[PDB]
Every structure is written in C-alpha cells, then in structure tokens.
Amino acid sequence: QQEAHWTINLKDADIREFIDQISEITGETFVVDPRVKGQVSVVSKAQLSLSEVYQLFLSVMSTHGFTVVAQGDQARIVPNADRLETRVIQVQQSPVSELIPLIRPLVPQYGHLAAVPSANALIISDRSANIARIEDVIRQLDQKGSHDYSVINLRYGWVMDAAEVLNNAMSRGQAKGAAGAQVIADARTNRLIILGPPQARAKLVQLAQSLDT
Amino acid sequence: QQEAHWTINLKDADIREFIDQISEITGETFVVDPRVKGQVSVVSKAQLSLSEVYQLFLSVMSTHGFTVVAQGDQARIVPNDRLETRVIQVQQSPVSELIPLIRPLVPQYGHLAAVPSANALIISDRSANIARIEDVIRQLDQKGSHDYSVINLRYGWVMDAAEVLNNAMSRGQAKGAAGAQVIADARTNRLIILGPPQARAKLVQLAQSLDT
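Note that the protein sequences, when read in sequence, are chains A and B.
If you're matching positions, the first sequence starts at 7 in the working numbering and goes up one per residue.
If you're matching positions, the second sequence starts at 22 in the working numbering and goes up one per residue.
Next comes the structure, spelled out in structure tokens:
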C-alpha cells in the first residue's frame with residue numbers, strides 16, 4: 007500500500023511538459039495531437055490527491071481549449087471546437103463553498119472558478135495580475151467566522167458607481183454603523199454583495215437600497 | 022437576409038435523431054462515432070437563435086457523456102441515464118436574478134446554466150424533478166425584487182430552521198415580516214431569505230437569533 011499527494015509549480019512551460027508531469031503523476035499515457043501547443047502557468051501550493059490532480063489537469067485543458075477523449079482504450083488530447091494562469095488556493099479557516107459566491111463576482115467571462123471540495127481549495131483561471139488580486143481577496147476573506155451576505159440587484163443605478171459611493175461613505179464615517187463591512191461589485195449581473203458583521207451589514211443594505219432611485 | 026428561431030420537442034428519441042435535428046438547424050455536418058448511443062429528452066418552449074441552439078446541443082452532449090472535437094477537418098462526436106433537458110424562459114426578471122434561488126434544488130447528477138441572450142436556463146435532471154423545478158421558477162418569476170440574504174447555519178440544521186421560520190410567519194409570530202420567503206440548501210447548510218426589503222431584514226434578525 008502507497009498513497010501520494012502532489013504540489014505542482016510550472017510557470018511559462020510548454021503544454022506537452024505539463025501533460026508529461028500529469029502522466030508521470032497519474033500513471034496514464036496520453037496521445038497528444040500534433041496541433042496541441044502553448045505555454046501554461048500552473049501552481050498548487052496545496053498537496054493534491056490523484057483525483058484532485060486529474061481535476062486540475064482537465065481544468066488546464068479546458069482553460070487552454072482542449073478536451074480528453076477515449077480512443078483505442080487510452081486518452082487522446084484534441085481541441086474543443088490570450089495566456090491564462092491557473093492557481094489552486096486552499097481555504098483554511100472555513101469551507102470553500104462559503105467563499106465561492108463572494109469571489110465568483112471578481113471572475114471575468116474568459117476566466118474560470120471551480121471548487122475542489124476534497125482538498126477544500128478552488129481552481130482559478132485568469133491573467134497573472136487578476137489572479138494575484140483574487141488570491142489577496144481570498145487571503146483577507148479566510149480570517150472571518152461569518153460569511154453571511156446580502157445581494158442587491160441594482161436597476162436604477164450602475165454597480166461600479168454605487169460601490170465607490172458606499173466605500174467613500176464608510177471611510178469618512180458618513181456611513182452610520184458600517185465600520186467593518188465590505189462591498190463586492192458584480193458588473194456582469196449588475197449586483198452588489200454586502201458582507202461583514204451582522205449589525206454593520208444590515209445598515210449597508212438599508213444604505214444601498216436607498217441609493218437605488 | 023433571413024434569420025430563424027427554433028423550438029425543439031424531442032421525447033425519448035435516439036441521440037443520432039437529435040444530432041440530425043441539430044445539423045438540419047445549424048447546417049453543420051457532424052461525424053458520429055459508432056459507440057454513441059442513447060435516448061434523449063430535449064424540450065425548449067422558447068424560440069432559440071442559431072447560437073442558443075448550438076449551446077443546447079453541447080449541453081445535451083455533455084449531459085449524456087460526449088464531446089465535440091474538430092478532428093480531421095470536420096466536427097466529430099466522441100465520448101468524454103434517465104435524464105431530461107429543458108429550456109425555461111424567465112418572463113418578468115433577468116435569468117441571473119433566479120439562478121442563485123433555484124441552484125440549491127439542483128443535484129450533482131444534474132446541471133444548470135443560463136442562456137442570457139434568450140433569458141432562459143438549461144436544466145438537466147430526472148423527469149419528476151424537472152417538473153418540480155419548472156413550477157418553482159414559474160412561482161418565483163411573479164415578484165419584482167429578487168434581492169436576497171444568506172445565512173450560513175453553523176449550529177442548527179437548515180430543514181428544521183426553515184420549518185421554524187415558516188411557522189413563525191403564518192401565525193404572525195414573526196414581527197413586521199409579511200410576504201417573505203425562506204429557501205433551504207441542505208448541501209451547504211444555509212438559508213436563503215427573500216421578499217420585500219423591510220420584511221426580509223426582520224427575517225434575517227429572526228434567523229440569526231435562532232443560530233445558538
């Protein structure tokens with residue numbers, strides 16, 4: 007009996023190099039189609055089981071526009087008819103499920119986000135600059151006990167403005183009992199996510215609903 | 022110039038029959054691998070554009086375990102059981118508003134995704150659960166506001182906590198919180214609070230006090 011857990015750290019390396027690492031990990035030989043090309047950035051500081059490794063492999067394949075098909079009782083890598091980095095961030099002081107609704111709004115159309123519940127981590131696809139930002143958001147989000155939130159679907163306003171309005175109101179103390187509460191803007195769906203301790207969070211909801219006129 | 026919108030109604034028909042309907046719609050010839058077999062149930066009461074049709078095709082392919090590849094300079098269907106696929110159009114609010122509210126009633130064996138262009142959603146589940154979810158959406162759509170609050174129960178049990186709140190509202194024991202609703206997500210052990218602002222805020226206070 008022997009069970010291993012892997013940490014992957016590949017930056018700007020070839021796609022065929024990552025597939026090579028994966029096959030050496032999983033023990034599965036893949037047939038790489040000649041048109042398979044590209045440079046991938048894959049980092050996982052969290053130690054992954056065999057399944058969690060495979061999960062991360064398919065994620066990287068989908069992110070870079072390829073798919074795994076079963077031809078002649080072996081896996082074949084063919085394309086599914088910009089450079090995106092991939093990071094596996096482990097949540098330590100709460101279950102991942104709690105964070106997904108909160109970081110999902112900072113993820114674009116080109117980017118992807120999915121949980122690895124077994125590892126209590128999440129896989130993210132985005133640009134190098136946005137990934138360092140989202141990683142920083144997670145890092146700050148993990149500390150808290152409560153991850154209870156409120157959603158405001160704006161109609162009379164514009165989310166980017168409405169949030170800039172609220173953050174200015176909190177900083178100057180013009181927002182009554184709002185010290186310690188956060189605002190997340192989802193431009194895609196035009197909605198606000200309200201966070202922080204119960205008393206504070208409730209006051210921000212009243213404040214933001216009054217701003218929709 | 023000429024543009025079309027299709028409505029598909031295929032129940033218990035062969036996979037190769039649906040692929041045939043799709044190719045006749047899209048105008049793209051697909052090469053089916055011999056191992057591709059199965060009976061599919063696909064219904065869309067909402068009229069779909071070419072793109073929205075293709076979206077629905079790939080969804081059905083993923084749901085039944087196949088994938089589309091550009092192999093040999095043509096599109097090929099290769100592999101990546103009582104499932105149905107329905108396209109439900111939301112009439113009053115944008116789909117984005119109702120996805121967080123119905124998503125908890127969707128299992129692992131299923132899948133839910135929005136067609137924002139058609140303001141509809143594609144769901145894969147069993148025939149019995151799909152009829153249930155379809156009438157949940159049909160009831161949820163009527164309202165104006167779909168703003169909501171989430172309570173992550175860290176002590177109690179969601180099924181109980183919700184039954185507790187619904188009883189408190191019916192008898193009027195829940196103060197200034199009329200016309201509000203509670204959604205239970207057992208998987209994540211959390212409560213979703215809905216309804217008019219004033220009412221919804223009172224229920225949040227009521228449900229947070231119940232977590233001890």
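Ideal Cβ placement from N, Cα and C applies to all residues, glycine included.
Within a Cβ cutoff of 7 angstroms, which residues of the same chain sit near residue i, ignoring the five residues on either side of it in sequence?
| i | result |
| --- | --- |
| residue 148 of chain A | 97, 98, 99, 100 |
| residue 75 of chain A | 82, 84 |
| residue 58 of chain B | 36 |
| residue 12 of chain A | 31, 53, 54, 59 |
| residue 137 of chain A | 91, 93, 130 |
Given residue i, which residues of its chain have a CB within under 8 angstroms of its CB, disregarding the five upstream and five downstream residues?
| i | result |
| --- | --- |
| residue 197 of chain B | 219, 220, 223 |
| residue 86 of chain A | 68, 71, 72, 73 |
| residue 122 of chain B | 161, 167, 169, 204, 213, 215 |
Run through chain C and tell me which residues come within less than 8 angstroms of residue i, C-beta to C-beta.
| i | result |
| --- | --- |
| residue 153 of chain A | Looking for chain C here will not work: the only protein chains present are A and B. |
At 7 angstroms on the CB atoms, spell out the chain A contacts of residue i, in chain order.
| i | result |
| --- | --- |
| residue 170 of chain B | 156 |
| residue 91 of chain B | 85, 87 |
| residue 218 of chain B | 215 |
| residue 233 of chain B | Chain A residues near residue 233 of chain B: none, gap ~14 angstroms exceeds 7 angstroms. |
Could you check what DSSP says for residue i in three-state terms: helix, strand or coil?
| i | result |
| --- | --- |
| residue 105 of chain B | strand |
| residue 35 of chain B | strand |
| residue 168 of chain B | coil |
| residue 188 of chain B | helix |
| residue 110 of chain B | strand |
| residue 41 of chain B | helix |
| residue 81 of chain B | helix |
| residue 179 of chain B | helix |
| residue 52 of chain B | strand |
Would the beta-carbon of residue i fall within 8 angstroms of that of residue j?
| i | j | result |
| --- | --- | --- |
| residue 21 of chain A | residue 46 of chain A | yes |
| residue 119 of chain B | residue 127 of chain B | no |
| residue 172 of chain B | residue 154 of chain A | yes |
| residue 170 of chain B | residue 214 of chain B | yes |
| residue 141 of chain A | residue 93 of chain A | yes |
| residue 227 of chain B | residue 174 of chain B | no |
| residue 30 of chain B | residue 74 of chain B | no |
| residue 125 of chain A | residue 52 of chain A | yes |
| residue 125 of chain B | residue 206 of chain B | yes |
| residue 95 of chain A | residue 28 of chain A | no |
| residue 146 of chain B | residue 131 of chain B | yes |
| residue 217 of chain A | residue 185 of chain A | no |
| residue 135 of chain B | residue 117 of chain B | yes |
| residue 81 of chain B | residue 51 of chain B | no |
Does the beta carbon of residue i fall short of 7 angstroms from some heavy atom of the ligand MN?
| i | result |
| --- | --- |
| residue 65 of chain B | The ligand MN is absent from the structure shown, which contains no ligand whatsoever. |
Leaving out five residues on either side along the sequence, give the residues of the same chain with a beta carbon under 6 angstroms from the beta carbon of residue i.
| i | result |
| --- | --- |
| residue 148 of chain B | 105 |
Using DSSP's beta-bridge definition, name the partner residues of residue i.
| i | result |
| --- | --- |
| residue 15 of chain A | A/49 |
| residue 209 of chain B | DSSP output for residue 209 of chain B lists no bridge partner at all. |
| residue 89 of chain B | B/98 |
| residue 130 of chain B | Residue 130 of chain B pairs with nothing; no bridge assigned. |
| residue 54 of chain A | A/12 |
| residue 136 of chain B | B/141 |
| residue 231 of chain B | For residue 231 of chain B, which the question treats as bridged, DSSP gives no partner whatsoever. |
| residue 146 of chain B | B/105 |
| residue 226 of chain B | DSSP lists no partner for residue 226 of chain B. |
| residue 204 of chain B | B/213 |
For residue i, go through chain A and note every residue whose CB falls closer than 9 angstroms to its CB, in chain order.
| i | result |
| --- | --- |
| residue 182 of chain B | Within 9 angstroms Cβ-Cβ: nothing; residue 182 of chain B doesn't reach chain A, min ~13 angstroms. |
Can you list the residues of chain A that residue i reaches, using a CB-CB cut of under 8 angstroms?
| i | result |
| --- | --- |
| residue 10 of chain B | Any property of residue 10 of chain B remains undetermined from this structure, which presents chain B solely from 22 to 233. |
Anything in chain B within Cβ reach of residue i, meaning under 7 angstroms, just list it in chain order.
| i | result |
| --- | --- |
| residue 47 of chain A | Simply none; closest approach about 25 angstroms. |
Please compile the residues from chain B whose C-beta is within a distance smaller than 8 angstroms of the C-beta of residue i.
| i | result |
| --- | --- |
| residue 73 of chain A | 88, 90, 101 |
| residue 208 of chain A | 222, 225, 226 |
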